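S.K.:
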Amino acid sequence: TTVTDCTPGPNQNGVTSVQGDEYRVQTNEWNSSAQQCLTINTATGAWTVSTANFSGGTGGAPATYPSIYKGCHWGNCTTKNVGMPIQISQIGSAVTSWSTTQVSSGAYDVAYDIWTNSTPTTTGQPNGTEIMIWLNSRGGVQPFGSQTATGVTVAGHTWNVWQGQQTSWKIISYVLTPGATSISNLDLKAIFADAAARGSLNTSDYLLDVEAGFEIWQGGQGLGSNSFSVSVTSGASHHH
Ligand SMILES: OC[C@H]1O[C@@H](O[C@H]2[C@H](O)[C@@H](O)[C@H](O)O[C@@H]2CO)[C@H](O)[C@@H](O)[C@@H]1O
Ligand SMILES: [Cl-]
Ligand code: NA
Ligand code: NA
Ligand SMILES: [Zn+2]
Ligand SMILES: [Zn+2]
Ligand SMILES: [Zn+2]
Ligand SMILES: [Zn+2]
Ligand SMILES: [Zn+2]
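Here the entry's author numbering is used: the first residue of the sequence shown is 2, the next is one more, and so on.
As structure tokens, then:
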């Protein structure tokens, strides 16, 4: 069925299990109490920002990051066919696809948020790397830190790379150039190898989760997720 979740931030997070709890959709209004509603299809995992009209500047922190994820966010973990936590260096393959709905108004990014951590579990802020993958953005926002590379080829696409330092973790943001509304079979293992070559990622870290959604500074109504998949593997074959 379809569920609507308007859980107000900044201190509450409304989390909805979709597709047999292979994915969770979170309101995650971590920096605002302004109205934000998500409408979520629990059979398909499709979701929309059905009500939002954020107000504020385009600099600094966004208001919110409503998102879908596989894995663990601040100890809230999916439970079907997860494949995480896993040491980065032990991944056989890691692939994701995301199809979005965008609006030509407001100030937002359309981004993956991928967390790594020194230990396989945490109840809070991961301490390794935050890997962001910006499919698109508008309204004057930019990534955290500084732009350190322009027009590089990684995992079959062209990016600008931004690197920064947070209070207890490193951030690297891959900005698809030009931006787009979807990406198909993105090789995250290739992104991790690149992030490690650029000095942003320790491949001994555990991959905790793969999230996708919208950091919103202004507006936000009508942004959505049409389809989302993440597959992280190896171990070994064994029909039993
Ligand atoms: O505050 C975390 C937030 O930073 C965002 O980037 C800021 C940047 O740090 C600031 O120097 C510049 O003035 O504004 C941008 C936003 O436009 C980053 O985009 C977010 O991913 C991150 O959550
Ligand atoms: Cl920085
Ligand atoms: Na599945
Ligand atoms: Na602001
Ligand atoms: Zn959160
Ligand atoms: Zn961040
Ligand atoms: Zn491309
Ligand atoms: Zn493309
Ligand atoms: Zn690869």
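In this text, a Cβ means the ideal position worked out from N, Cα and C, and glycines have one as well.
State the CB to CB distance for the pair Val96 and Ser232, rounded to an integer number of angstroms; the pair is presumed to be in contact (CB under 8 Å).
M.R.: Their Cβ separation, rounded to whole angstroms, is 5 Å, which keeps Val96 and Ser232 in contact under 8 Å.
S.K.: Using the C-alpha atoms, what's the distance from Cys38 back to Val211?
M.R.: If I take the Cα positions, the gap works out to 22 Å.
S.K.: Quick one: is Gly125 buried, meaning 16 or more other Cβ sit within 10 Å of its Cβ, or exposed?
M.R.: Its Cβ having fewer than 16 others within 10 Å, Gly125 is exposed.
S.K.: Please go through the same chain and pick out, in chain order, the residues whose beta-carbon is closer than 6 Å to the beta-carbon of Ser106, but skip the five residues on each side of it.
M.R.: Only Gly220 meet the Cβ criterion.
S.K.: Straight-line CA distance for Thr28 to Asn14?
M.R.: Looking at the two C-alpha atoms, the distance is approximately 6 Å.
S.K.: Give the range of the alpha helix (DSSP H) segment to which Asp188 is assigned.
M.R.: Careful: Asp188 lies outside any alpha helix (DSSP H), inside the beta strand (DSSP E) at 183-188.
S.K.: Using the C-alpha atoms, what's the distance from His158 back to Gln222?
M.R.: Near 29 Å, if we compare the C-alpha coordinates of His158 and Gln222.
S.K.: Have a look at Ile217 and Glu131 and give me their C-alpha separation to the nearest angstrom.
M.R.: In a straight line, the C-alpha of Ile217 is about 18 Å away from that of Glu131.
S.K.: Taking 7 Å as the cut-off, is the CB of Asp195 close to at least one heavy atom of ligand 9?
M.R.: No, since every heavy atom of ligand 9 falls outside the 7 Å radius drawn around the Cβ of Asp195.
S.K.: Is the number of C-beta pairs between the stretch 41-61 and the stretch 156-175 that are closer than 8 Å three or more?
M.R.: Output reads no: the stretch 156-175 does not touch the stretch 41-61.
S.K.: Report back the beta-carbon spacing between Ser94 and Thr234 to the nearest angstrom; my notes put them in contact at under 8 Å.
M.R.: Correct: roughly 5 Å between the Cβ atoms.
S.K.: Check the DSSP bridge columns for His240 and list the partner residues they point to.
M.R.: Its beta-bridge partners do not exist; DSSP assigns none.
S.K.: How far does the beta strand (DSSP E) with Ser68 in it reach, from first residue to last?
M.R.: Segment 68-74, the beta strand (DSSP E) holding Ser68.
S.K.: Return the residue from the list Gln148, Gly165, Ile69 that minimises the CA-CA distance to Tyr113.
M.R.: Ranking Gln148, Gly165, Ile69 by Cα distance to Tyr113 puts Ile69 first.
S.K.: Who are the Cβ neighbours of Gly76 in its own chain at under 8 Å, not counting the five residues just before and after it?
M.R.: Once the five neighbours on either side are set aside, the close Cβ partners of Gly76 are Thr122, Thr123, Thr124, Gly125.
S.K.: Would you call the stretch 44-52 and the stretch 76-91 in contact, with 3 or more CB pairs under 8 Å?
M.R.: With a cut-off of 8 Å, the stretch 76-91 and the stretch 44-52 do not count as touching, because too few Cβ pairs lie within range.
S.K.: Taking all protein chains shown into account, decide if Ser138 is buried (16 or more other Cβ within 10 angstroms of its Cβ) or exposed.
M.R.: Classification for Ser138: buried.
S.K.: Nearest-angstrom Cα distance between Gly236 and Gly10?
M.R.: Cα to Cα, the separation comes out at about 39 Å.
S.K.: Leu202 and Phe215 - do their beta-carbons sit closer together than 8 Å?
M.R.: Going by C-beta atoms, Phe215 is not nearer than 8 Å to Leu202.
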